[PDB]
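**Student:** This is the content of start-v3.txt (compact mmCIF, N, CA and C atoms):
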```txt
# COMPACT_ATOMS: atom_id res chain seq x y z
N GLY A 103 0.80 -1.21 0.00
CA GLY A 103 0.00 0.00 0.00
C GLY A 103 0.84 1.27 0.00
N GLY A 104 2.12 1.11 -0.07
CA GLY A 104 3.00 2.26 -0.13
C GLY A 104 3.25 2.74 -1.55
N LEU A 105 4.08 3.83 -1.66
CA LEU A 105 4.49 4.40 -2.94
C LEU A 105 5.76 3.72 -3.46
N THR A 106 5.74 3.35 -4.74
CA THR A 106 6.90 2.65 -5.36
C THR A 106 7.40 3.46 -6.56
N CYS A 107 8.67 3.30 -6.93
CA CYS A 107 9.18 4.00 -8.14
C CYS A 107 8.51 3.43 -9.40
N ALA A 108 8.08 4.30 -10.32
CA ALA A 108 7.32 3.83 -11.51
C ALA A 108 8.23 3.90 -12.73
N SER A 109 7.69 3.82 -13.96
CA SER A 109 8.63 3.78 -15.07
C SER A 109 9.24 5.15 -15.33
N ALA A 110 10.44 5.14 -15.74
CA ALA A 110 11.14 6.38 -16.06
C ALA A 110 10.40 7.17 -17.13
N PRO A 111 10.34 8.45 -16.94
CA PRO A 111 9.72 9.25 -18.00
C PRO A 111 10.40 9.08 -19.35
N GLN A 112 9.64 9.14 -20.43
CA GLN A 112 10.14 8.94 -21.79
C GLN A 112 10.54 10.27 -22.42
N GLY A 113 10.07 11.37 -21.83
CA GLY A 113 10.39 12.69 -22.36
C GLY A 113 10.15 13.81 -21.37
N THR A 114 10.71 14.96 -21.68
CA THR A 114 10.52 16.16 -20.87
C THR A 114 10.02 17.32 -21.72
N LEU A 115 9.07 18.05 -21.19
CA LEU A 115 8.59 19.29 -21.79
C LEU A 115 8.93 20.49 -20.91
N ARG A 116 9.61 21.49 -21.46
CA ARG A 116 9.90 22.73 -20.72
C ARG A 116 9.14 23.84 -21.42
N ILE A 117 8.26 24.52 -20.71
CA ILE A 117 7.42 25.61 -21.18
C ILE A 117 8.01 26.95 -20.74
N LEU A 118 7.97 27.92 -21.65
CA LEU A 118 8.36 29.30 -21.30
C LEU A 118 7.41 30.15 -22.15
N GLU A 119 7.16 31.42 -21.79
CA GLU A 119 6.26 32.31 -22.56
C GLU A 119 7.09 33.34 -23.32
N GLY A 120 7.00 33.38 -24.66
CA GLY A 120 7.85 34.30 -25.43
C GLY A 120 7.12 35.10 -26.50
N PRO A 121 7.33 36.44 -26.61
CA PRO A 121 6.76 37.25 -27.68
C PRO A 121 7.72 37.31 -28.88
N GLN A 122 7.34 37.95 -30.00
CA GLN A 122 8.14 37.92 -31.27
C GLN A 122 8.77 39.26 -31.67
N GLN A 123 9.64 39.27 -32.70
CA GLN A 123 10.33 40.44 -33.24
C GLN A 123 9.48 41.18 -34.26
N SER A 124 9.51 42.54 -34.25
CA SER A 124 8.86 43.30 -35.32
C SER A 124 9.78 43.58 -36.50
N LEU A 125 9.30 44.36 -37.46
CA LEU A 125 10.09 44.68 -38.66
C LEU A 125 11.24 45.60 -38.27
N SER A 126 12.41 45.52 -38.94
CA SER A 126 13.46 46.52 -38.71
C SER A 126 13.21 47.83 -39.43
N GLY A 127 12.90 48.89 -38.68
CA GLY A 127 12.71 50.22 -39.25
C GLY A 127 13.87 51.15 -38.94
N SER A 128 14.48 51.00 -37.76
CA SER A 128 15.68 51.73 -37.39
C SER A 128 15.51 53.24 -37.51
N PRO A 129 14.54 53.84 -36.75
CA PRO A 129 14.21 55.26 -36.84
C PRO A 129 15.17 55.92 -35.86
N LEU A 130 16.33 56.31 -36.36
CA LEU A 130 17.43 56.83 -35.52
C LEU A 130 17.15 58.11 -34.73
N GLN A 131 16.58 59.15 -35.33
CA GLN A 131 16.47 60.43 -34.56
C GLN A 131 15.22 61.23 -34.91
N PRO A 132 14.59 62.01 -33.97
CA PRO A 132 13.46 62.89 -34.31
C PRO A 132 13.93 63.83 -35.42
N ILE A 133 14.70 64.87 -35.06
CA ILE A 133 15.33 65.71 -36.12
C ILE A 133 16.73 65.11 -36.25
N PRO A 134 17.02 64.29 -37.29
CA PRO A 134 18.28 63.55 -37.38
C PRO A 134 19.56 64.20 -37.94
N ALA A 135 20.72 63.58 -37.68
CA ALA A 135 22.02 64.05 -38.21
C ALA A 135 22.49 65.28 -37.42
N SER A 136 23.65 65.84 -37.77
CA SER A 136 24.07 67.11 -37.13
C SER A 136 23.72 68.21 -38.12
N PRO A 137 22.58 68.94 -37.98
CA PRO A 137 22.19 69.92 -38.99
C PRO A 137 23.24 71.03 -39.06
N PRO A 138 23.69 71.41 -40.27
CA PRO A 138 24.76 72.40 -40.41
C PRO A 138 24.48 73.86 -40.05
N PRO A 139 25.47 74.58 -39.48
CA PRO A 139 25.32 76.02 -39.21
C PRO A 139 25.30 76.71 -40.57
N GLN A 140 24.58 77.83 -40.71
CA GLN A 140 24.46 78.39 -42.09
C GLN A 140 24.26 79.91 -42.19
N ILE A 141 24.28 80.43 -43.42
CA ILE A 141 24.22 81.90 -43.70
C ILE A 141 22.86 82.56 -43.40
N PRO A 142 22.76 83.73 -42.71
CA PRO A 142 21.48 84.42 -42.57
C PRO A 142 21.25 85.08 -43.93
N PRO A 143 20.03 85.01 -44.51
CA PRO A 143 19.81 85.53 -45.86
C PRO A 143 20.06 87.04 -46.04
N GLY A 144 20.73 87.41 -47.14
CA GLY A 144 21.04 88.83 -47.44
C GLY A 144 22.12 89.41 -46.54
N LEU A 145 21.90 89.48 -45.22
CA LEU A 145 22.89 89.98 -44.23
C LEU A 145 23.21 91.46 -44.44
N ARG A 146 23.91 91.81 -45.53
CA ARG A 146 24.29 93.21 -45.87
C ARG A 146 25.55 93.60 -45.09
N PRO A 147 26.42 94.48 -45.62
CA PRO A 147 27.56 94.98 -44.84
C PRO A 147 27.04 95.85 -43.68
N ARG A 148 27.64 95.72 -42.50
CA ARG A 148 27.25 96.56 -41.34
C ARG A 148 28.42 97.48 -40.99
N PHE A 149 29.12 97.98 -42.02
CA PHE A 149 30.33 98.83 -41.80
C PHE A 149 30.73 99.48 -43.13
N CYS A 150 31.19 100.74 -43.06
CA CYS A 150 31.67 101.43 -44.29
C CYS A 150 32.98 102.16 -44.01
N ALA A 151 33.73 102.46 -45.07
CA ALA A 151 35.00 103.22 -44.92
C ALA A 151 34.70 104.70 -44.69
N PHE A 152 35.73 105.45 -44.30
CA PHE A 152 35.54 106.91 -44.11
C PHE A 152 35.97 107.67 -45.36
N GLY A 153 35.12 108.58 -45.85
CA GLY A 153 35.43 109.38 -47.04
C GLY A 153 34.52 109.04 -48.21
N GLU B 506 50.03 65.34 -11.75
CA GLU B 506 50.08 64.13 -10.89
C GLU B 506 48.73 63.40 -10.86
N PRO B 507 47.54 64.06 -10.93
CA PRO B 507 46.28 63.35 -10.94
C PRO B 507 45.80 62.84 -12.30
N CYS B 508 46.61 62.91 -13.34
CA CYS B 508 46.16 62.55 -14.71
C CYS B 508 45.68 61.11 -14.80
N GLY B 509 44.61 60.84 -15.55
CA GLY B 509 44.09 59.50 -15.69
C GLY B 509 43.45 58.93 -14.46
N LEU B 510 43.66 59.54 -13.30
CA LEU B 510 43.08 59.07 -12.04
C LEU B 510 41.83 59.83 -11.64
N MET B 511 41.74 61.11 -11.96
CA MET B 511 40.56 61.93 -11.68
C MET B 511 39.86 62.20 -13.00
N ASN B 512 38.78 61.48 -13.26
CA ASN B 512 38.02 61.61 -14.50
C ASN B 512 36.72 62.34 -14.22
N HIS B 513 35.97 62.60 -15.29
CA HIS B 513 34.70 63.31 -15.17
C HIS B 513 33.68 62.67 -16.09
N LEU B 514 32.43 62.65 -15.64
CA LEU B 514 31.37 62.03 -16.42
C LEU B 514 31.00 62.90 -17.62
N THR B 515 30.65 62.24 -18.71
CA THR B 515 30.10 62.95 -19.85
C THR B 515 28.79 63.64 -19.45
N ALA B 516 28.28 64.48 -20.35
CA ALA B 516 27.08 65.24 -20.02
C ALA B 516 25.85 64.34 -19.95
N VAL B 517 25.79 63.32 -20.80
CA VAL B 517 24.61 62.45 -20.83
C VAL B 517 24.70 61.30 -19.84
N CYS B 518 25.88 61.01 -19.31
CA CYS B 518 26.02 59.91 -18.37
C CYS B 518 25.35 60.26 -17.05
N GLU B 519 25.00 59.22 -16.29
CA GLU B 519 24.28 59.42 -15.03
C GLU B 519 24.45 58.19 -14.16
N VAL B 520 24.39 58.41 -12.86
CA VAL B 520 24.46 57.33 -11.88
C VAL B 520 23.05 56.86 -11.57
N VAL B 521 22.88 55.55 -11.43
CA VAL B 521 21.60 55.01 -10.99
C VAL B 521 21.49 55.17 -9.48
N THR B 522 20.31 55.58 -9.02
CA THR B 522 20.10 55.76 -7.59
C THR B 522 18.76 55.24 -7.08
N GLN B 523 17.85 54.84 -7.95
CA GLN B 523 16.56 54.34 -7.50
C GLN B 523 16.67 52.90 -7.03
N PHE B 524 15.82 52.54 -6.08
CA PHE B 524 15.70 51.17 -5.59
C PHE B 524 14.31 50.65 -5.89
N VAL B 525 14.23 49.41 -6.38
CA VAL B 525 12.99 48.84 -6.87
C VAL B 525 12.75 47.50 -6.17
N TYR B 526 11.64 46.86 -6.54
CA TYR B 526 11.22 45.63 -5.87
C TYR B 526 12.06 44.45 -6.32
N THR B 527 12.20 44.26 -7.63
CA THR B 527 12.95 43.15 -8.22
C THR B 527 12.61 41.83 -7.53
N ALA B 528 11.32 41.52 -7.48
CA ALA B 528 10.86 40.26 -6.90
C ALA B 528 10.05 39.47 -7.93
N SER B 529 9.35 40.18 -8.81
CA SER B 529 8.63 39.54 -9.90
C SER B 529 9.52 39.23 -11.09
N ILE B 530 10.81 39.54 -11.01
CA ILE B 530 11.73 39.33 -12.13
C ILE B 530 12.12 37.85 -12.19
N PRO B 531 12.48 37.22 -11.08
CA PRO B 531 12.81 35.79 -11.14
C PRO B 531 11.65 34.93 -11.63
N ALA B 532 10.41 35.34 -11.36
CA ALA B 532 9.26 34.58 -11.85
C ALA B 532 8.95 34.88 -13.30
N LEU B 533 9.36 36.05 -13.81
CA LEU B 533 9.19 36.35 -15.22
C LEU B 533 10.26 35.67 -16.07
N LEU B 534 11.48 35.62 -15.56
CA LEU B 534 12.59 35.04 -16.33
C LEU B 534 12.21 33.59 -16.65
N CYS B 535 11.53 32.91 -15.75
CA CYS B 535 11.12 31.51 -15.97
C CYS B 535 10.05 31.40 -17.05
N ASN B 536 9.14 32.36 -17.14
CA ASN B 536 8.12 32.39 -18.22
C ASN B 536 8.82 32.58 -19.55
N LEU B 537 9.90 33.34 -19.54
CA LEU B 537 10.63 33.68 -20.77
C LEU B 537 11.36 32.46 -21.33
N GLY B 538 11.81 31.53 -20.49
CA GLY B 538 12.49 30.35 -20.98
C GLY B 538 13.57 29.83 -20.05
N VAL B 539 13.95 30.59 -19.02
CA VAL B 539 14.96 30.14 -18.02
C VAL B 539 14.42 28.89 -17.30
N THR B 540 15.29 28.02 -16.77
CA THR B 540 14.89 26.81 -16.00
C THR B 540 15.50 26.99 -14.62
N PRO B 541 14.77 26.89 -13.50
CA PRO B 541 15.32 27.29 -12.20
C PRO B 541 16.56 26.51 -11.78
N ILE B 542 17.36 27.01 -10.82
CA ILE B 542 18.66 26.35 -10.49
C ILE B 542 18.38 24.90 -10.11
N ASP B 543 17.17 24.59 -9.67
CA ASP B 543 16.82 23.24 -9.15
C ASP B 543 16.97 22.12 -10.17
N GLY B 544 16.62 22.31 -11.44
CA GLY B 544 16.92 21.19 -12.37
C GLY B 544 16.25 21.12 -13.72
N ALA B 545 16.45 19.99 -14.41
CA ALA B 545 15.89 19.73 -15.76
C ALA B 545 16.30 20.80 -16.76
N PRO B 546 17.60 21.08 -16.96
CA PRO B 546 18.00 22.19 -17.82
C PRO B 546 17.48 21.97 -19.25
N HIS B 547 17.28 20.73 -19.67
CA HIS B 547 16.80 20.36 -21.03
C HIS B 547 17.96 20.28 -22.01
N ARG B 548 19.19 20.56 -21.56
CA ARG B 548 20.39 20.37 -22.42
C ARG B 548 21.55 19.78 -21.62
N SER B 549 22.79 20.24 -21.78
CA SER B 549 23.93 19.54 -21.18
C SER B 549 24.70 20.37 -20.17
N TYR B 550 24.21 21.54 -19.75
CA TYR B 550 24.92 22.34 -18.77
C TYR B 550 26.16 22.98 -19.37
N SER B 551 26.49 22.60 -20.60
CA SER B 551 27.55 23.24 -21.36
C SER B 551 27.02 24.03 -22.54
N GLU B 552 25.85 23.66 -23.05
CA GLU B 552 25.13 24.41 -24.06
C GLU B 552 24.04 25.26 -23.42
N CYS B 553 24.32 25.76 -22.21
CA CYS B 553 23.39 26.56 -21.45
C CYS B 553 24.13 27.72 -20.80
N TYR B 554 23.44 28.85 -20.68
CA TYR B 554 24.00 30.07 -20.10
C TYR B 554 23.63 30.16 -18.64
N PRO B 555 24.57 30.41 -17.74
CA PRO B 555 24.21 30.64 -16.34
C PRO B 555 23.60 32.01 -16.11
N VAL B 556 22.28 32.15 -15.88
CA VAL B 556 21.59 33.46 -15.63
C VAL B 556 21.82 33.94 -14.21
N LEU B 557 22.25 35.18 -14.01
CA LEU B 557 22.42 35.75 -12.67
C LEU B 557 21.56 36.99 -12.61
N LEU B 558 21.01 37.33 -11.46
CA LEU B 558 20.23 38.57 -11.29
C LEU B 558 20.62 39.17 -9.95
N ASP B 559 21.54 40.12 -9.93
CA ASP B 559 21.97 40.80 -8.69
C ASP B 559 22.56 39.84 -7.65
N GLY B 560 23.44 38.92 -8.04
CA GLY B 560 24.14 38.03 -7.10
C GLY B 560 23.42 36.73 -6.95
N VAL B 561 22.18 36.67 -7.38
CA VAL B 561 21.35 35.47 -7.13
C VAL B 561 21.20 34.76 -8.46
N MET B 562 21.72 33.54 -8.54
CA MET B 562 21.72 32.80 -9.82
C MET B 562 20.35 32.19 -10.08
N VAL B 563 19.58 32.79 -10.96
CA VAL B 563 18.32 32.16 -11.35
C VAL B 563 18.58 30.83 -12.05
N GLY B 564 19.45 30.83 -13.06
CA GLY B 564 20.02 29.60 -13.56
C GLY B 564 19.64 29.12 -14.95
N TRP B 565 20.64 29.06 -15.83
CA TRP B 565 20.67 28.17 -16.99
C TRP B 565 19.48 28.38 -17.93
N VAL B 566 19.48 29.56 -18.56
CA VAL B 566 18.73 29.73 -19.78
C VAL B 566 19.41 28.95 -20.90
N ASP B 567 18.62 28.22 -21.67
CA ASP B 567 19.16 27.44 -22.77
C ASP B 567 19.95 28.34 -23.72
N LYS B 568 20.80 27.71 -24.54
CA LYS B 568 21.72 28.47 -25.38
C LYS B 568 21.02 29.05 -26.61
```
If you took the structure in this file and wrote it as structure tokens, what would it be?
**Tutor:**
Amino acid sequence: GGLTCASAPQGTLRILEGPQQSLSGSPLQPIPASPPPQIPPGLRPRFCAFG
Amino acid sequence: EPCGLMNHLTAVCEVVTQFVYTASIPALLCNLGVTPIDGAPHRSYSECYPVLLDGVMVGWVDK
């Protein structure tokens, strides 16, 4: 009436919960790159010679 | 005399200072695929990675 060893298991199942990968879009930056410093339009000379 | 010994952090770098629960993490790692240190790795202990979480070895995510 006691507990005895039974037949060895024939296989093992290991369960884990996993989600999946999306598409590669690689959206690097809101406003991207190093935007260049640049000329103010027209500007004009702010200096003249004497005479 | 202090060269290379006294450094300074970059502008974006930062030190972590918050403390969190980190108690539901060992139970999530097992849902993800880790097998607890107790047993049944499902491979050979050589084709398995030893998982650690803050000094405490959760144990042996498959390779």
**Student:** DSSP on the backbone, then: every residue of chain B marked strand (DSSP E or B), written as a list in words.
**Tutor:** residues 553, 554, 558, 561, 566 and 567 of chain B
**Student:** Between CA of residue 557 (chain B) and CA of residue 114 (chain A), what is the distance in Å, rounded to a tenth?
**Tutor:**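 These two atoms are separated by 24.3 Å.
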**Student:** Taking 5 positions as the minimum chain separation for residues in the same chain, which residues sit within 10 Å of residue 551 (chain B) when counting only C-alpha atoms? Answer as a list in words.
**Tutor:**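 Once the adjacent positions are removed, what remains is residues 565, 567 and 568 of chain B.
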**Student:** Residues of chain A within 9 Å of chain B, using only C-alpha atoms, as a ChimeraX atom specification?
**Tutor:** /A:114-121
**Student:** Mind dumping the selected residues with N, CA and C atoms as a tab-separated table (two decimals), in the coordinates of the input?
**Tutor:**
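File written: selection-v2.tsv
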```tsv
chain	number	residue	atom	x	y	z
A	114	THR	N	10.71	14.96	-21.68
A	114	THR	CA	10.52	16.16	-20.87
A	114	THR	C	10.02	17.32	-21.72
A	115	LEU	N	9.07	18.05	-21.19
A	115	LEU	CA	8.59	19.29	-21.79
A	115	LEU	C	8.93	20.49	-20.91
A	116	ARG	N	9.61	21.49	-21.46
A	116	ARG	CA	9.90	22.73	-20.72
A	116	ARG	C	9.14	23.84	-21.42
A	117	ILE	N	8.26	24.52	-20.71
A	117	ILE	CA	7.42	25.61	-21.18
A	117	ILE	C	8.01	26.95	-20.74
A	118	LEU	N	7.97	27.92	-21.65
A	118	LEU	CA	8.36	29.30	-21.30
A	118	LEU	C	7.41	30.15	-22.15
A	119	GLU	N	7.16	31.42	-21.79
A	119	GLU	CA	6.26	32.31	-22.56
A	119	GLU	C	7.09	33.34	-23.32
A	120	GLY	N	7.00	33.38	-24.66
A	120	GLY	CA	7.85	34.30	-25.43
A	120	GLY	C	7.12	35.10	-26.50
A	121	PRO	N	7.33	36.44	-26.61
A	121	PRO	CA	6.76	37.25	-27.68
A	121	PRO	C	7.72	37.31	-28.88
```
**Student:** Which residues are near residue 542 (chain B)? Cut-off 5 Å, all atoms listed in the file, ignore same chain within fewer than 2 positions. Put them as a list in words.
**Tutor:**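 That gives residues 540, 544, 563 and 564 of chain B.
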**Student:** Could you give me the residues within chain B that DSSP places in helix (DSSP H, G or I), as a list in words?
**Tutor:** residues 530, 531, 532, 533, 534, 535, 536 and 537 of chain B
**Student:** Distance CA of residue 527 (chain B)-atom C of residue 558 (chain B), one decimal place?
**Tutor:** 8.8 Å
**Student:** In Å, how far is it from atom C of residue 553 (chain B) to atom C of residue 566 (chain B)?
**Tutor:**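 Distance between the two atoms: 4.9 Å.
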**Student:** Emit as AutoDock Vina command-line options the padded axis-aligned box for all listed atoms of region 534-549 of chain B, 6 Å per side, with centre and edge lengths in Å to one decimal.
**Tutor:**
```
--center_x 16.4 --center_y 27.6 --center_z -15.8 --size_x 28.6 --size_y 28.1 --size_z 25.3
```
**Student:** Would you fill out region 552-564 of chain B with N, CA, C and O atoms and return it as an mmCIF file, keeping the file's coordinate frame?
**Tutor:**
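Result file follows (result15.cif):
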```cif
data_model
loop_
_atom_site.group_PDB
_atom_site.id
_atom_site.type_symbol
_atom_site.label_atom_id
_atom_site.label_comp_id
_atom_site.auth_asym_id
_atom_site.auth_seq_id
_atom_site.Cartn_x
_atom_site.Cartn_y
_atom_site.Cartn_z
ATOM 1 N N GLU B 552 25.850 23.660 -23.050
ATOM 2 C CA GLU B 552 25.130 24.410 -24.060
ATOM 3 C C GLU B 552 24.040 25.260 -23.420
ATOM 4 O O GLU B 552 22.957 25.449 -23.969
ATOM 5 N N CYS B 553 24.320 25.760 -22.210
ATOM 6 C CA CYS B 553 23.390 26.560 -21.450
ATOM 7 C C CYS B 553 24.130 27.720 -20.800
ATOM 8 O O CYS B 553 25.298 27.597 -20.431
ATOM 9 N N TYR B 554 23.440 28.850 -20.680
ATOM 10 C CA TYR B 554 24.000 30.070 -20.100
ATOM 11 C C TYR B 554 23.630 30.160 -18.640
ATOM 12 O O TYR B 554 22.445 30.013 -18.298
ATOM 13 N N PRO B 555 24.570 30.410 -17.740
ATOM 14 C CA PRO B 555 24.210 30.640 -16.340
ATOM 15 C C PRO B 555 23.600 32.010 -16.110
ATOM 16 O O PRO B 555 24.321 33.019 -16.114
ATOM 17 N N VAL B 556 22.280 32.150 -15.880
ATOM 18 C CA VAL B 556 21.590 33.460 -15.630
ATOM 19 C C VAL B 556 21.820 33.940 -14.210
ATOM 20 O O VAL B 556 21.583 33.163 -13.332
ATOM 21 N N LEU B 557 22.250 35.180 -14.010
ATOM 22 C CA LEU B 557 22.420 35.750 -12.670
ATOM 23 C C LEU B 557 21.560 36.990 -12.610
ATOM 24 O O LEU B 557 21.319 37.550 -13.664
ATOM 25 N N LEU B 558 21.010 37.330 -11.460
ATOM 26 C CA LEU B 558 20.230 38.570 -11.290
ATOM 27 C C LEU B 558 20.620 39.170 -9.950
ATOM 28 O O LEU B 558 20.043 38.759 -8.963
ATOM 29 N N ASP B 559 21.540 40.120 -9.930
ATOM 30 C CA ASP B 559 21.970 40.800 -8.690
ATOM 31 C C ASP B 559 22.560 39.840 -7.650
ATOM 32 O O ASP B 559 22.187 39.964 -6.474
ATOM 33 N N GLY B 560 23.440 38.920 -8.040
ATOM 34 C CA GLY B 560 24.140 38.030 -7.100
ATOM 35 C C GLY B 560 23.420 36.730 -6.950
ATOM 36 O O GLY B 560 24.038 35.767 -6.572
ATOM 37 N N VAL B 561 22.180 36.670 -7.380
ATOM 38 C CA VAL B 561 21.350 35.470 -7.130
ATOM 39 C C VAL B 561 21.200 34.760 -8.460
ATOM 40 O O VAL B 561 20.547 35.301 -9.337
ATOM 41 N N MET B 562 21.720 33.540 -8.540
ATOM 42 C CA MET B 562 21.720 32.800 -9.820
ATOM 43 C C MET B 562 20.350 32.190 -10.080
ATOM 44 O O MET B 562 20.054 31.175 -9.492
ATOM 45 N N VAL B 563 19.580 32.790 -10.960
ATOM 46 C CA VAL B 563 18.320 32.160 -11.350
ATOM 47 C C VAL B 563 18.580 30.830 -12.050
ATOM 48 O O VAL B 563 18.009 29.796 -11.685
ATOM 49 N N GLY B 564 19.450 30.830 -13.060
ATOM 50 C CA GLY B 564 20.020 29.600 -13.560
ATOM 51 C C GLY B 564 19.640 29.120 -14.950
ATOM 52 O O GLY B 564 18.476 28.820 -15.225
#
```
